[PDB]
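Asks: the sequence isn't on hand, but the structure is:
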């Protein structure tokens, strides 16, 4: 098309052996490209959607094929290898004088050696998205694709010492790829885990051990939805219960299973919730409940069908009631609130890129707009999608599509934000296209809600 | 006239050799006179305007004469003598049994030995105000008066080690005559400096060396105006620039010339600014930008013609938007916001007179109403002038014209505030007289703005 | 000589048109040279000393000549011009394809545009030192060198508003060249000022205007010495007096002239002082007394003859008693104590280079060894000189002569310290040569004391 956004997206494309295989993170002129000249798997997802909806589906097919190939690459740090299923954080095309080849990062080159746990889950979801948008059922069912999914599921469904059906991760294992107190069981990983499992339920063949994987996938989905809906869910009713929990309860039939001390609960949470509002908490673990609202996990939980229809409503009500906090001058705030003062020091380790209301620490991210629009249509709240898109559209082009925005409400352009960030551009585009045709939402969302009050099914 | 204020103003007058030479700072019966029995040069400025607009020009003339003589006095502290162009802070009439004589304080008697830098600049502006109100051009031209102006310009245009066109001062060198972190290059000094130059530009005779002075003045004005307007000016656009600045930039052609670190931008300012608001920062120095709003300098910027017409508008826009912060229960707040807790300790040296939201540290000062009125009229916003005067007339008389008011909104009478403070009284009168005849503003302001987009002219 | 240090110093030499004119600040292989490839005037002083004591004096003669040429350079920022006497911070040799020329920085390129006020003062002291070292009395007495001295004196003795005979400067005006709360009247500037006046008194020719300067100089010196010694001097007796000062005292005949509130005296200083110890305060200003111990200013005050025989002993007594703090693992701690927590934030503007116990904020500086050794010799405390060198010798070569050390006791190598820092190397060399031959101290010191118990003489 003729729009500026379309053109930038066009010039972001990375070509391999004459074929388009992905998009760069950003096209910032002044700043050295550094790591951002690479194609990040998570960053590509919204790029892919734009292409899938525009009809040109080769680039997405190529990407899916090369990333599956990259899974096979030898990946080692100090003679230690991770599970074979691991997908990379990013990749770029490098060439010696003669020929071209793909160089990836699986965390071994990454800053703080963060592991891209979310990438393999996005890869599975992006595969489904390709399948539903195009109708091509052959690709996912090719042997190499079936094998790779099972490798991913082998990792995801690996055994634990723990009684939690959730996935244990170190800090910075997802979109937040720096130290932000999102270690242990962050919502985002658990929601993408659930969704990637729901995806696998569709894409997998019962042939061979296929029969066995679907049985594991199925059992884990039941436990995961139950665990997440029962223990992560926050609203006034639930908040009143927790507040009155007694400490140091021992046994099976007890209320305060995770030994959350009520005095630990922050003061801001009680005021913040509207009567009808609610959300899924950012984390849960031994003696820990992270009450910070995380946007992606909560929005995606609606789309994945993990949130009940009412829970989905109560999330959007909170968005309506705390519009200046969650959207403000630029949708969407990555999480709320920011860690401030000494809490910033301890939890981030004095990370100067995640100072309060900046970047991961409560910054405002354009890319999340597509999650937000998709979740709003699905909940029958288009007015909110219109307002969000209007707000973003009013600034991005003028501000050259910054990577992120800072401050309580997003007034500031991100402190170290790259300009011409691809998923900021693609974010707007994807949101407008969902707005134009709300049936496109179907490839990233699930028609039914696959949940229950029981731990099984 | 029969108004209560006129009578108090008239009883405030100081007589010398049977002649009216000035007005006392305050007439507090209960409090010890201390130094408030003296006549301060800056406190007299608003008193003078009352008289000028009424036609009683003798007292102003006499003041201007006696102060010019006072300049030529021998002032010394520990065998050190300052520039001979130094005007005193205050003077009183002392008499031995036999005869009357004039004793002055140039800072050698002052608390903390603070230098009255603003005083010599006020005298000039007052001198110009005498002309424009009266039409008498003989007093400015006199040999002594032209010499005194020159002596002042010798000081202000003294050579520096610094590359800043601004004036360097110690702490507490103007209306704020105490340690308030207004050391170095404070807005008030720079604005009064700029304004005194424009006045001198008109009052100077080209005869003799006058031409040499005229060109220096003309040169400095162009450099100064460029410096203030480009580096002190704050609005949202500018704030987004600074927040994204890079540290430790080196060389002639760089963005962050003064090495401001964005993490040091206080939290309050970004929410505080309205979309169309703006103001001049309180100070600028090496690695330092004081984002506190200072009223006098900002309002006097409008009057002096330093602020452009649009910039003037953005200052007045701020007042409407932050009316409760900047006016509240008593116009006008001297600066916003207050230094609090540990910041108050460090910056003021635990000064108990300046505790948070008191006195210089965010107090509300009745006198500043005349600045505010003059600028409101000049900017074509009479309604704001009206409301400010009403708020003041609502309390002043009943409160017995306190020197200042305290609190976030000036709800309290100043902790150690004098009652029957003369420039609170004169401040209200001048404002009302301005309101009756807006043309009177012209003798404290400049109709034209002497500025451009470069350092020359 | 054949020592490792002598060769590192040789490599550092900068050649202009086939002549040695100065030395680079550091020779770090890994770091980009940046501003350090230039020759800083202050950094060269110890380098110059090594060459004076070696016998090769032409580099120093050349340096004095080329820097005097620089003084004549046209220097401006935004159409504004400082005094002609301003000496630059640093200079470097630059070439076209075929021509060599000198490019200096007078502050217009400097980080935070800080003014090298100390540079012009060092220039004078060095010239005297050169003269005393060689015997060449033609150089200083040349008509260009008499003019340049006069231009510096013109700036330094410029007229003030203040009643303080000290020199008023912005923050970062000396060796500490960043925002560190050393604005106003920092000890170092006043001590270097005193020292530079004494040098001019020796250097200046009486014929022509020379006599006029000598009289201004003489009178200033008398005032300055009285001012510093009476108001900056800290000991237990003085502290007890100030602690009992009354606030807000007004007039000429008062104890608390500067309005120091006792509650603002830090807790650390009372315990820190030994009974017979004493030192000069870091700063004096309205309502302000900086009690931080500053090393250079205090050590140099001994050499310059500003400090009395007893004051000098008490200063060295303090060093002896607080050896762990002031010397620790690397002489000498640049100032004590470090600003911490919120005080670091406010005072430095969150400057990440001057975090607590790092760099200017209480770092340990090897270059100060030459000051300390020279002073310990002069005071008859050679044992202290031996010990300081011993400690320094123990690590400098192994650590590759870092720029500075960090920590409470300098245990850490400076966070962003350059290796092969020229004046760290020269620092150790100068100290050793002084030890080997103490009579050399005479060229950077004054044999006589020029201090009076009265303001005059």
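Replies: Perfect, I can see it now. Numbers count the residues shown, from 1 in each chain, chains lettered A, B, ... in the order given.

Asks: report the contact partners of residue A:168.
Replies: A:160, A:162, A:184, A:185 (CB atoms under 8 Å, 6 or more residues apart in numbering or on different chains). Where C-beta positions appear, they are placed from N, C-alpha and C, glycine not excepted.

Asks: now do the strands in chain A.
Replies: The residue ranges that make up the strands of chain A, judged by DSSP state E, are A:13-16, A:19-23, A:39-40, A:90-95, A:100-105, A:233-234, A:279-285, A:288-294, A:335-336, A:405-406, A:412-413.

Asks: list the neighbouring strands of the fourth one plus their orientation.
Replies: Using DSSP bridges, the strands paired with strand A:90-95 in its sheet are strand A:39-40 (antiparallel), strand A:100-105 (antiparallel).

Asks: and if you look at the last one?
Replies: Sheet pairing of strand A:412-413 (DSSP bridges) gives strand A:405-406 (antiparallel).

Asks: mind listing residues that contact the partner strand?
Replies: A:329-330, A:357-359, A:363-366, A:411-415, A:417, B:243.

Asks: 7 Å - rerun?
Replies: By CB atoms under 7 Å, 6 or more residues apart in numbering or on different chains, the surrounding residues in contact with strand A:405-406 are A:329, A:330, A:357, A:358, A:363, A:364, A:412, A:413, A:414, A:415.

Asks: ok, stretch A:435-447 next?
Replies: For stretch A:435-447, the surrounding residues in contact (CB under 7 Å, 6+ apart) are A:53, A:129, A:132-133, A:198, A:303-305, A:373-374, A:377-378, A:385, A:389, A:433-434.

Asks: top of those by neighbour count?
Replies: The residue in the contacts of stretch A:435-447 with the most neighbours, by other CB atoms under 10 Å in any protein chain shown, is residue A:373 (30 neighbours).

Asks: wouldn't residue A:347 be in contact with residue A:339 here?
Replies: Yes - counting by CB atoms under 7 Å, residue A:347 sits close enough to residue A:339 to count as a contact (5.2 Å).

Asks: comparing these two, which residue is more hemmed in?
Replies: Residue environment comparison for residue A:347 versus residue A:339 gives the larger neighbour count to residue A:339, 22 against 18, counting by other CB under 10 Å.

Asks: around residue A:3, how many other residues sit close by?
Replies: 13.

Asks: please identify the residues of the stretch 351-457 of chain A in proximity to chain B?
Replies: Taking CB under 7 Å from any CB of the partner chain as the criterion, the stretch 351-457 of chain A approaches chain B at residues A:355, A:407, A:408, A:411, A:412, A:413, A:415.

Asks: 10 Å - rerun?
Replies: Where proximity means CB under 10 Å from any CB of the partner chain, the interface of the stretch 351-457 of chain A facing chain B comprises A:352, A:355-358, A:399, A:402, A:405-409, A:411-417.

Asks: from the contacts of strand A:405-406, which would you call buried?
Replies: Buried by 16 or more other CB atoms under 10 Å in any protein chain shown: A:329, A:330, A:357, A:358, A:363, A:364, A:412, A:413, A:414, A:415, out of these.

Asks: roughly how far apart are the third one and residue A:430?
Replies: Between residue A:357 and residue A:430 the computed distance is 26 Å (CB to CB, to the nearest Å).

Asks: for residue A:132, give me its contacts.
Replies: Under the criterion of CB atoms under 10 Å, 6 or more residues apart in numbering or on different chains, the contact partners of residue A:132 comprise A:52, A:202, A:440, A:442, A:443, A:444, A:445.

Asks: let's see that with 6 Å instead.
Replies: Under the criterion of CB atoms under 6 Å, 6 or more residues apart in numbering or on different chains, the contact list for residue A:132 reads residue A:443.

Asks: what do you get for residue A:36?
Replies: With contacts defined as CB under 6 Å, 6+ apart, the neighbours of residue A:36 are A:25, A:26, A:418.

Asks: now do the helices in the stretch 1-150 of chain A.
Replies: Counting by DSSP state H, counting those that start in this stretch, the segments of the stretch 1-150 of chain A that form helices are A:4-11, A:41-54, A:58-71, A:117-134, A:143-156.
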